[PDB]
């Protein structure tokens, strides 16, 4: 808002590095990029309580400079490997209660803290992905009694540590932190890389983000965060919100897949996992042009309390899987209370499966899943309009759908029961 990088020796528009200048202004105050074009040699390390707005940021780093080399911001910098060695204290906690007991804590009122379960899986980073994760602010302390600004929503045994734990480093030996109460407004990003890679946010707002990147909404530990009016041409992954993202809302989002710069290796549509809670996507388009093929457009694995609403999907390929809820069991928190509502799906090909529900294991948990107002425009699916698969002992139960498919399609069930699926033809 108030200060310019120019005031800290920053030069725009000539392809010289300004990262230090931007970071210097961020330390002093809010930052207005003057509607000019800034060039950075590495991600801007963000500052809690700051607004950055009104300009374009391009990376100077060469494609394949290494992970996060091309990134625009480190809005926080959590990655499971750097969170893993942080010492974490045992605490008592009760499902529904904002009160914990922690022997020999050093939390003060106002401190952001991270609550996590000791239950979890070893994930892609070869480290614990807790069954449950929560950032919350301390609002009271008396001896071992700590009060939080939000309840604990699990019966799981938790441990706690300072969200920003002094002495502990992350990538490029920068301190491990969560970005608090920061705002990003009217920014154009221009990178080959994740415009954010490592990240962790709490009460942050991204408003008016446009341009080109590997990704549209991608990062770790997005908490009490809003993403609004995001319109990005992406080359690999529409959205992942990993490592315990919760109470985070995406609205007015245009995921435009990049035909020229498409990277087909490990392509991801919207893929939500790593114990997310109360994450919503509302009013969005996923546009996959000719020449680009995403195998799975929207999938939820390891997310709960999810709402995906007011969606348009257009793909220019065949045999895509459109909407998917999956659970691989073990110590993955259940895929519970998932609403897909008012999704129009166009395919120039013929979808494989439009609605999929898949329990891989005897201990897989999928409950209170609804697919309401799903319109599929395209040829009769090659596998199924709608497929449910459980196991003999672990059936898919209670699933609900309203589907509008002018070319109909197969209704495949395999160890599933107690569904309620209305099919409507065109013309009301």
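Numbering follows the first chain given and starts at 1.
Engineer: When the C-alpha temperature factors are averaged for each of 64-72 and 372-380, which stretch ends up with the higher value in the entry?
Structural biologist: Mean B over CA atoms: larger for 64-72.
Engineer: Looking only at CA atoms, which has the higher mean B factor in the entry: 97-105 or 196-204?
Structural biologist: The stretch with the larger mean CA B-factor is 97-105.
Engineer: Of the options 223, 273, 230, 296, which has the highest CA B factor as deposited?
Structural biologist: By C-alpha B-factor in the record, 296 ranks first.
Engineer: Choose from 118, 249, 252, 302 the residue with the greatest Cα B-factor as stated in the PDB record.
Structural biologist: Most elevated C-alpha B-factor of the set, per the entry: 302.
Engineer: Hey, what third does residue 172 fall into on Cα B-factor, ranked over its chain?
Structural biologist: Highest third - that is where residue 172 ends up once the chain's C-alpha B-factors are sorted.
Engineer: Ordered by C-alpha B-factor within the chain, which third holds residue 164? Give me lowest, middle or highest, please.
Structural biologist: Middle third - that is where residue 164 ends up once the chain's C-alpha B-factors are sorted.
Engineer: In terms of the chain's CA B-factor thirds, is residue 289 lowest, middle or highest?
Structural biologist: Highest third of the chain for residue 289's C-alpha B-factor.
Engineer: Relative to the other modelled residues in the chain, which third contains the C-alpha temperature factor of residue 151: lowest, middle or highest?
Structural biologist: Its C-alpha B-factor, which the entry lists for residue 151, ranks in the lowest third among residues of this chain.
Engineer: Just say lowest, middle or highest third for the CA B-factor of residue 40 relative to the other modelled residues in its chain.
Structural biologist: Residue 40: CA B-factor falls in the middle third of its chain.
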